[PDB]
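In what follows, a structure is listed as structure tokens, so that the remarks can point back to it.
Letters A, B, C, D, E, F and G name the chains as they come in the text, with residue numbers starting at 1 for each one.
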Amino acid sequence: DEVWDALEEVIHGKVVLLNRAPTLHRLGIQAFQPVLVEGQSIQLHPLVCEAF
Amino acid sequence: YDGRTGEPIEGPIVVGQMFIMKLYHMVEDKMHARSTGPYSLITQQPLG
Amino acid sequence: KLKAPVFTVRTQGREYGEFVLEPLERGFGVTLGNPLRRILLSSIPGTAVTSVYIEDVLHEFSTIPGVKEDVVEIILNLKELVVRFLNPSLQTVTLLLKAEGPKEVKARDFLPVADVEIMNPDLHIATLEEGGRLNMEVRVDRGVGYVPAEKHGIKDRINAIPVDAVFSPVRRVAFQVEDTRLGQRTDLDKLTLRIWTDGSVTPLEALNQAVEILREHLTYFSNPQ
Amino acid sequence: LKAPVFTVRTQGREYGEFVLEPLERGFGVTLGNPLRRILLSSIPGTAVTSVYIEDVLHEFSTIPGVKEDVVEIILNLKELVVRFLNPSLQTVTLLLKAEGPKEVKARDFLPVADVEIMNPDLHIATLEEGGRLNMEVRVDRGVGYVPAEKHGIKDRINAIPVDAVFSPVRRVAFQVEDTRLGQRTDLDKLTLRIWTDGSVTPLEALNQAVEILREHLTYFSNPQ
Amino acid sequence: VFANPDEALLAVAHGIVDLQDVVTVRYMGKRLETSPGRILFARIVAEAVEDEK
Amino acid sequence: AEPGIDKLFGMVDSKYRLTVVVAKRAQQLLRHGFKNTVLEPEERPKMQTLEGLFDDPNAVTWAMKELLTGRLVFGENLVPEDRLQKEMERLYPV
Amino acid sequence: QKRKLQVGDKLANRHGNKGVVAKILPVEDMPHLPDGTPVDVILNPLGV
């Protein structure tokens, strides 16, 4: 369980790039600060769905 | 009624029994990640 | 079982405060936040103006000659008045105000009544000019919640205008539930309670009174039949 | 307002009605909902957590002479209601030994001290002539819903973890009427309806729910 | 006729009026003939930007 | 949004110059172990850890907050590259 | 493996309405009938 605590310190301040195909415009790739969540699905903000 | 507050929903809600299917596309079989792994023979690029 | 949560308070001034309770079991932020908000907005004892009498005024939709504010605006300012009774046995007082133009009438212009404190003496009531006379008698009661003027319909004398009684000192309640973790438990709840109060009572006191009211009602489930 | 009168109407050990009147306007929801949330979530009870069947290695197998497979048998065992008559009892193992042809029920478990089966007529498996069913069902005490993947309790090598639904409360509804006292007619009449599996009476579940809320209200005492 | 948005929303919380009912609310020093919901929307924007004017 | 991002964009004529300044400053901070920072001890970025409140290891976060203070000088042909690297090592040993 | 319904699994009905499970709520959080029966699935009316 201490590994998961160390993973939080790894991703602190860092961002990841989220991309949905097809990338018709540049906002098809956007940077988000990842929040670690239980499960296997990526949680996406409702307000960026239109751009993607 | 709203289970969180106990107050009713301000308008009547269409509530009924409907037949819903669970499809073969599951996030368990679709989630994938890789840091480093196998590479191509010629292009030396990561496999897919 | 989950460890007892930490109750942290962030109170600024005497009219606003934030209270955080974490960690909580899943769903207990909603379980606790909603009852307290309902009690805070409807059950905290307070004082309010319930009737006003102004000389030479017949109806609420009229206006006094010699003052910028009409009857409605003065009534609206009266609803902003915050008064705190210093005597627990005291139930109702009447505040007298005699003003001559061209002064700006304030809440401090009310005649001092024993065991009666005006929390906001800088509140603006009316603005007078030369030849303007404002003779006003306001009736202050004790109660809870919000009561429309037409509901209680309190009149001390003829031509008295009933006014909406904002008894509750709590101006606004907003509670937020956030997901928190304690080790490998990830479904825990973080409850943040934000209370706005008129200043007669501290938001900490309002929360304490609301918790006591909820606690007292839980003792009602004691003696069957 | 004066102290409300509390009225209790019970239909056996599984259903009960609790009336609290008169209450101020808005206290029907203010009191009913928190209890309903606590009743539906945080009431301790008993549930089957692990089952071991002789000559069975996993739950994805069938037993000769038994009509139902292990998955269906485990589904039947999830409906078993076990009442611990001893408050200090935390774990019990129920032993079932049956030989075909018979319809083995929940009443066929070997008797255990301070343990009562609230639904003896529950169907577990159908035994055909020449079929045998030797099971060791472990019943634990807990709160909430614990999937088998979390607790992973195996009393022995071939024991099969079972998803545990410890909550005895089956359904909660609370009802608010237009009651009147004196000259004021906005008062609330709160009626709590509790359905429980029978291991815990609805009166006991209500008492525990009140205590849980009362304890949580003591958390607002010491500011930091 | 409400003296402030807090009083108007307190009445909504107490069930006297709905968010869509047109009432009189004094806001920004102006006597507005609007609904509490429209007044509520104004407070949403004001608190989000931390600037009421 | 990044804190003070509007102020960061207003200090540069091209938005990509801001990124270059932040990224170059971040590697300067990483190279010297955050000992060359212009932030006061009460101004250092922090992260919440179970053990306690510790310094933020993300140098990009440090670089952005340093630029907001105004103690950093950026531009083209300010100092020779060889002279810059050598002098920083002397006054900030690592 | 015995797969239970989880967040990200795709559900659908016979009328072309499809979607992934995005949230799993406790029983006390779901909207319920006045008799105390909670609903099982909440569907967005905007998809109709």
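To be clear about the criterion, contacts are C-beta pairs under 8 Å (C-beta built on N, C-alpha and C of every residue); 3 or more make two chains touch, one makes a residue touch a chain.
By chain, UniProt protein names: C, D = DNA-directed RNA polymerase subunit alpha; F = DNA-directed RNA polymerase subunit omega.
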Labels of chains that are neighbours to chain D and to chain F: none
Nearest-to-centre chain - CA centroid comparison: G
Identity of the chain that, by mean CA position, is farthest from chain F: D
Pair exhibiting more inter-chain C-beta contacts, C-D or A-G: C-D
Inter-centroid spacing, chain C versus chain B (mean Cα positions, whole Å): 47
Chain A and chain D: spacing of chain centres that average the CA atoms, whole Å: 40
Between chain F and chain A, distance of the C-alpha-averaged centres to the nearest whole Å: 25
Chain E residues counted as touching two or more neighbouring chains: none
Two or more partner chains touched - positions in chain C: 26-27, 30, 34, 42
Overlap residues in chain B, where contacts from two or more other chains coincide: 3-6, 27-28, 31
Every chain pair in contact, whichever chains are involved: A-B, A-C, A-F, A-G, B-C, B-D, B-G, C-D, C-E, C-G, D-G
Residues of chain B touching chain D in the complex: 3, 5-7
Chain C to chain B touching residues, read off their complex: 30, 34
Contact set on chain G toward chain A in their complex: 6-8, 20, 22
Complex contact set, residues of chain C against chain G: 26-27, 30
Complex contact set, residues of chain D against chain G: 36-37, 40-41, 59-60, 71, 147, 171-173, 175, 193, 195
